[PDB]
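Just so we're on the same page: letters track the sequence lines, and every chain starts at 1.
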Amino acid sequence: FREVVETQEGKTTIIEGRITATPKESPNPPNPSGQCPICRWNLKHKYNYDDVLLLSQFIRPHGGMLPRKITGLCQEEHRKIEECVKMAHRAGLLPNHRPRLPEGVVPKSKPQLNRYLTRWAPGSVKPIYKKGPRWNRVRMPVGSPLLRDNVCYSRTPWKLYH
Amino acid sequence: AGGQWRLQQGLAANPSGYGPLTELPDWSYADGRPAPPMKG
Amino acid sequence: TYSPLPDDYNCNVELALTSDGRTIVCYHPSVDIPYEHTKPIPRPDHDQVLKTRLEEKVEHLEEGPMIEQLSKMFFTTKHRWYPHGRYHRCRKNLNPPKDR
Amino acid sequence: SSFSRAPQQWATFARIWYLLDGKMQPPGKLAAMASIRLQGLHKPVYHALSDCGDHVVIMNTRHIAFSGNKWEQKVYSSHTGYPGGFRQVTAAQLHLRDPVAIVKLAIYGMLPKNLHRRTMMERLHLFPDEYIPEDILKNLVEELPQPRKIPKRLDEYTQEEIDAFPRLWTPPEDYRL
Amino acid sequence: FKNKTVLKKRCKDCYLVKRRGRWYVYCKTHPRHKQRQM
Amino acid sequence: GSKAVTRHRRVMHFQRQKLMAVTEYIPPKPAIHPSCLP
Amino acid sequence: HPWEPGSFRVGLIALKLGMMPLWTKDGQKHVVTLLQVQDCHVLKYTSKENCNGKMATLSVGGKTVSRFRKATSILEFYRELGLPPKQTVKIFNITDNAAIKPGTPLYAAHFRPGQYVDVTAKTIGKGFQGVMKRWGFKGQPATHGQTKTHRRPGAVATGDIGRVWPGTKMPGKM
Amino acid sequence: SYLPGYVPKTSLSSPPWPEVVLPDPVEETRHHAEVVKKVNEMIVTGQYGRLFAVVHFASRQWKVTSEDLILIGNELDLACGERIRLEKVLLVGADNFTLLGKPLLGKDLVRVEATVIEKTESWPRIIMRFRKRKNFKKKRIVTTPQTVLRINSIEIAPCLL
Amino acid sequence: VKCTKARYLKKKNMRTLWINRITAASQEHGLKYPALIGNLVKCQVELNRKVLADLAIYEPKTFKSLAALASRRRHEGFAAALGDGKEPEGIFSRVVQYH
RNA sequence: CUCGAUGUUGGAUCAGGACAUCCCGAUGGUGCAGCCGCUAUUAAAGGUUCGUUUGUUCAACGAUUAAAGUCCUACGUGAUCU
Ligand code: FES
Ligand SMILES: [K+]
Ligand SMILES: [K+]
Ligand SMILES: [Mg+2]
Ligand SMILES: [Mg+2]
Ligand SMILES: [Mg+2]
Ligand SMILES: [Mg+2]
Ligand SMILES: [Mg+2]
Ligand SMILES: [Mg+2]
Ligand SMILES: [Mg+2]
Ligand SMILES: [Mg+2]
Ligand SMILES: [Mg+2]
Ligand SMILES: [Mg+2]
Ligand SMILES: [Mg+2]
Ligand SMILES: [Zn+2]
C-alpha cells in the first residue's frame, strides 16, 4: 500500500508518497480456476455478516468498502460483502474501523442498543404503528435478501421477514 | 409416524396391519394348550 | 469412544444386539454421585438471671396484609387465599378415592 | 427408589430454580425458554392441573439484542381507557423506560391465556443487570445455555485464528488505501 | 420539494440521492427541480 | 357472482391457485455459476 | 451546611387565618391570605436510601391536638419524640444537606418577603353536585316547553360505542 | 497445503452439528457379544429384583409387573380363576438391564402369566344425539363387557446368545 | 350430549399429553420428539406413546436407553445418507424380515 | 337483519373519533425584494364568534375573528329535552 505524508516546515509544505509493506494472497488457492477471490477459495454461499476475518480484508481502515476493480470481486460477491460489512458495523463487530473524527470532536453519549442482522440504517426506519391484518401484515425485515442463496443446514429456509 | 418407512421395508404402513404383532395369538393357556382363534 | 448420550448424569447405557439380531440388550447400571461433588451438611446453626420464656411473636395480621405475606412466601397470586362460599365448600368430596 | 411415600412425592413435584443470561440474546428466544420452564413443560410428569412450574431467573435483561431493525420498528401499544389514552411506543423507547419490560411482555404473550398465567409470572424474576439478590442467588440450581451464540468482534480473534484464515487477494502495491 | 412517484432529473445539475430511506432529486442551479419520492 | 371477464383480476378458486403455484416455470440451474469459470 | 444550587429545603405547615388587602407603592391593591404557623416541628427524617424515592424526606407536623383522641401507635410515637401530637403531618422532599434533627421548631421567618411559595390544602367540600355546578355545563332552557330537564347532563356518549367512556364528566362529590 | 475442496473456516463453511464417528463394525460386534454375555450371566445368577414388561393385549399395550391388575374392555371366553400366558411381550425390564423385541421378544426368553379374577360389565354409558330445531333427539345406554386380569409372574430365562 | 361427544376429546387429549410428556423426556437427553419416535420405528420397536410416556416417568433408565438407541439409529442414518453405497448397513439399521 | 315496532327533519345538551389542516407550530418550491400571497411536506396537543329573515340543514346579508375547517359516530345523542 501507499501512504501520503504532509510535512510543513516553516513556510514550505512537502507532499510525498511512500510504498509500505503490501500483503500477499495465500499460496495455492484450492480452486485456481476461480474468477474472483471468493470462488478461488470455494467461499461462495459460505460466509455471513459475522465472518469479520473474511469481511475485513475488503474494507478501508475507516470502515469503508474497497472498489471492485481493486479487490477483483465480481459484482455479485462485491454486493454481498458490501451488505455484510454494513451489518457488521451495525452489530459492533468492527470496533477498530470507526469513522475518522476531526480534531476537537467527541461524540455525545448515545443510547446503546445491541442489534444484529440489521438491514437498514436505524435512523431511516419508522415505527410500525399499524400492523395490518394477518393476510396483509407489515413485516420487519431481518438479514439481507442478497444472502438468500447461502448454504442452509436446516430444513427451514432463512426467514428474512419477521 | 413411520408409515413411509414401513412401506419401504415391504411392511404395512400401519403396524396394526399384517404381521406377527397383530396376527399372532394374544394368549394361550398356562399349561401350553393353544387358545381359540381370535375373532378379528 | 463413541457414546450416543453422555454417561455422566443418570446411568451408563451400553447397547448391544444378540447374535441372531432379533433382540436389543440394554445394560444400564446407575451412576452414583461422587463424594467430591457433594457439600457438607450445615449442622452448625451472658449470665442471664431470669429464665428465658417462649415469647409469642405471632401478631395477628389483617386479611390484606396476611394475603400479601402468603402470596409472597409461596410465589402465588392473592386469589387462591380468599375464602369460598358454602355452595362450593359443601360440593368438595371429603372422602375421595385413593389408588395407592 | 425405596423412599417413603411423602418424601418421594415431595421430590418429584419440587420447584427448581433456573438461571438465564440475557446478554446479547434476543428476547423471544429467552421467552421461549422461560415459558416452557414456567409451565413445567420440561418435566415428564407435566399436567396442566399439576401446578408443576419452576422458577426462572433472567439477568442482564438490559443487554438484550433484537435482530433487524426491531428496535425502531417494533411497537408496544396500550390504552389507558380514557378518551385519547391510546399510547404506542417503540421497543427502543420502552427499553430505556423499563429495562425488563421487553422480556416480560415476550414471556407474558407466550404463556397460556388462562388464569394460571399470572401465577406463573410470579415465578419469573427479571433483573436488568448482573446483580441478583442474595436470597435468589442461594436458591439457584442450574443455569440454562444461552440460545444465541454471541459472534466474536474482530478485535477478539487470536492471532492464531487470524493467521489460520488465508489472505484471499493481492492488493496493488501502489494503492493508497 | 414536490412529491413524485417517478423521479426524473430535469437538468444536468440534478443529482439523485437516497436519504432517510427514500430517493430525492436535488438541484442547486434550479431549486424548483427538487423532488421527493412518494 | 361475477362474469368470466372482469375489469379487476378475479379471485381464483383455491384449487386453481394451488395448480398455478405448482406449475410455475423453473429455470435450469447450472452446477457452477458460469461467471465463476474461465 | 451552606446552600448550594439544586438544594431543596423543608417547608412549613400553617393555619389559614383569613384574607386581607394590602396596597403597593404603585397604588395597586393586592389581597393576601394570612397563614399562621402554629406549633410546627420536624417529626421524622428518612434517608434517601430508605425512602423508596429519589430524595430524602423530612416529616413536619402542625397544630397541637388532644392526646385523648389519637391512636395508641401515634401516641407512643409522640411520646418518644417528646412532643404533643399534631393534627396534620406532611412529607417534604429534601436534599441531604438540608436535613434537620427531629423535634426542631419551625417558624414563619423560615420564609422571607419576595419569595414565591406553593400552598397545598384540601378544597372546601361541596358534597354531591350536579354537572352545572361541578363541571360548568350549560344545562337547558327554562321555558319553551322543556319537560323536567333544566340542569341535566344531556347526552353522555355516542350511540355506537354502546358504553360510557372512563373519565366522563358526571354528577358526583365536589 | 490446501486440498481441492478446502474451504477456509467460516460460520457456514461446515455444518453446525459436531462430526460423529461410529464404531468399527468388526470391533463393535465383539463388544456387543461381551455385553450380551454379561447380561446373560446376570439372568443365570439371578441378579435382578422386580421385573416389568410391556405386553400387547387386546389391540393395546400394557406396562405390567407382578401383582398388577388390568381391565380388558371385552370378554375373553375364560372362566374366573383360569391362568393364561401373555404371549406378546415387546419389552422386559429390570433395574440394571432391559430387553427389547423387534418387535416381539422370543417366547423362550420371557414368560408372562396372568389369571382371570373377575368378569363383569362397565357402568352405564350414555349415548345422546341432539340437533337444534330439527326435533332430532335420541338416547341409548350401553354397558360393555369387561374382564379383570391379575398379572401373576414375569420370568426370564438365560437365552441371550 | 357433551358426555357423548367428550369420548373423542378424551382420546385426543390423552395422546397430546403423552406427546408433551415424551417431548419433555426426550429433551432431557438432547433429542427432539420426532427424532425419537421416528428412529425407534426404524429399529422395529413398536412401543406406543402411552407406554413411552409411562416409561419416562417410572423407568427413567430404560427411557434413556431408548433415547440412546434412537440417537444411535439416527446417527447411522446420517452416515448412510452421506455414503455412496460403499458402506454396509448399520448394525442397528438391519431389519428383521418376517414371512 | 328488523313490520308480536330498530321512533322518523332541524335545534338544545354533551360531545368520542379521522386528518384529506380553517387558525396556531416546523419546513421545501415560487413568475418568493419587502408587506401580502400561491403551492407542497410535516403537525390533530389547543382553538375554530355573535346576529336579521327562513322549521330549515343550507343560502343570502350585518358585524367580528388568529380562524369562523372537511367529515364519521343508527345523516352521534328524544327511557335527557324540544
Ligand atoms: S466469480 Fe466466483 S464467486 Fe465471483
Ligand atoms: K319494520
Ligand atoms: K325564524
Ligand atoms: Mg357465472
Ligand atoms: Mg361541605
Ligand atoms: Mg341557563
Ligand atoms: Mg308532559
Ligand atoms: Mg320545568
Ligand atoms: Mg389421532
Ligand atoms: Mg320483540
Ligand atoms: Mg370533540
Ligand atoms: Mg397530513
Ligand atoms: Mg341521527
Ligand atoms: Mg336514546
Ligand atoms: Zn435541475
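Comment: D:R118 does not engage D:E122 in a salt bridge, judged by the lack of any side-chain N to carboxylate O separation of less than 4.0 angstrom. A salt bridge does not link E:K28 to E:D13: none of the charged nitrogens lies less than 4.0 Å from a carboxylate oxygen.
Adjacent nucleotides J:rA26 and J:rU27 have six-membered base rings whose centres lie under 5.5 Å apart with planes inclined under 30°, meeting the stacking criterion. Adjacent nucleotides J:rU9 and J:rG10 meet the stacking criterion of ring centres closer than 5.5 angstrom and planes inclined by less than 30 degrees. Consecutive residues J:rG31 and J:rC32 do not stack, lacking base ring centres under 5.5 Å apart with planes under 30°. Between J:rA59 and its strand neighbour J:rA60 the base rings stack, satisfying centres under 5.5 Å and planes under 30°. Base stacking is absent between J:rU48 and J:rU49; the centre distance of their six-membered rings and the plane angle do not both fall under 5.5 Å and 30° respectively.
Rounding to whole angstrom units, CZ of residue E:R36 and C1' of J:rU39 are separated by 13 Å. Spacing between atom OH of E:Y26 and atom P of J:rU27 amounts to 15 Å, rounded to whole angstrom units. The CH2-P distance, from G:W135 to J:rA15, rounds to 11 Å in whole Å. E:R20 places its CZ atom 12 Å from the P atom of J:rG28, with the value rounded to the nearest Å. Taking atom NZ of residue G:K169 and atom P of nucleotide J:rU80, one finds them 22 Å apart after rounding to whole Å. Residue G:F137 contributes atom CZ, which lies 16 Å from atom P of J:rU80 at whole-angstrom precision. Spacing between atom CG of E:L7 and atom P of J:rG28 amounts to 19 Å, rounded to whole angstrom units. Separating the NZ atom of E:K4 from the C1' atom of J:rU39 is a distance of 12 Å, rounded to the nearest angstrom.
Nucleic acid contact for E:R32: base, since at least one base atom lies under 4.0 Å from a heavy atom of the residue.
Between the side chains of G:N93 and G:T57, not a single donor N or O lies within less than 3.5 Å of an accepting N or O. Checking F:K18 against F:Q15 by side-chain atom types alone, a donor-acceptor pair falls below 3.5 Å.
Listed nucleotides: J:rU41, J:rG28, J:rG16. Nearest to the side chain of E:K2: J:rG28. With J:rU80, J:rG28, J:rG76 as the choices, the nucleotide that has an atom nearest any side-chain atom of E:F1 turns out to be J:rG28. When distances run from any side-chain atom of E:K34 to the nucleotides J:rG29, J:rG76, J:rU13, the shortest one goes to J:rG29. Picking from J:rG16, J:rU73, J:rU30 the nucleotide with the shortest atom distance to the side chain of G:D160 gives J:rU73. Distances were taken from every side-chain heavy atom of G:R152 (C-beta onward) to each of J:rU80, J:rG17, J:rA15; the shortest belongs to J:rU80.
With a cut-off of 3.5 Å on both pairing distances, the Watson-Crick or G-U wobble partner of J:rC71 is J:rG17. Under the Watson-Crick or G-U wobble criterion, with both distances below 3.5 Å, J:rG25 is paired with J:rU42. Nucleotide J:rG51 forms a pair with J:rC61, judged by Watson-Crick or G-U wobble geometry with both contacts under 3.5 Å. When Watson-Crick and G-U wobble pairs are counted only if both distances are under 3.5 Å, J:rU30 pairs with J:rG37.
G:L35 approaches G:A14 most closely through the heavy-atom pair CB-CB, 3.8 Å.
Residue note: J:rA5 shows a south-type sugar, the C1'-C2'-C3'-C4' torsion being below zero. The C1'-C2'-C3'-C4' torsion of J:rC19 is negative, so its sugar falls on the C2'-endo, or south, side. Sugar conformation, J:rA20: south. The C1'-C2'-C3'-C4' torsion carries a negative sign. Going by the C1'-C2'-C3'-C4' torsion, the sugar of J:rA26 sits on the north side, since that angle is positive. Its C1'-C2'-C3'-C4' torsion being negative, the sugar of J:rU21 is assigned to the south family.
Taken together, J:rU48 and J:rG4 do not qualify as a Watson-Crick or G-U wobble pair under the 3.5 Å criterion applied to both distances.
Closest-nucleotide positions on RNA chain J for E:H30 and E:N3 were compared, and the one nearer the 5' end corresponds to E:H30. The nearest heavy atom of RNA chain J to G:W165 and to G:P141 marks one nucleotide each, and the one closer to the 5' end goes with G:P141.
Taking the P atom of each, J:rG16 and J:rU48 are spaced 13 Å apart, rounded to whole Å. If you take atom P in J:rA20 and the same atom in J:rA43, they sit 8 Å apart, rounded to whole Å. Rounded to a whole angstrom, the distance from the P atom of J:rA68 to that of J:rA45 is 23 Å. Using P as the reference atom, J:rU70 and J:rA60 are 14 Å apart when rounded to the nearest Å.
Between E:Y26 and E:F1, the ring planes lie perpendicular to each other; the angle is over 60°, past the 30° to 60° tilted range.
Rounding to the nearest 0.5 Å gives a distance of 11.0 Å between CZ of F:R10 and NE2 of F:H13.
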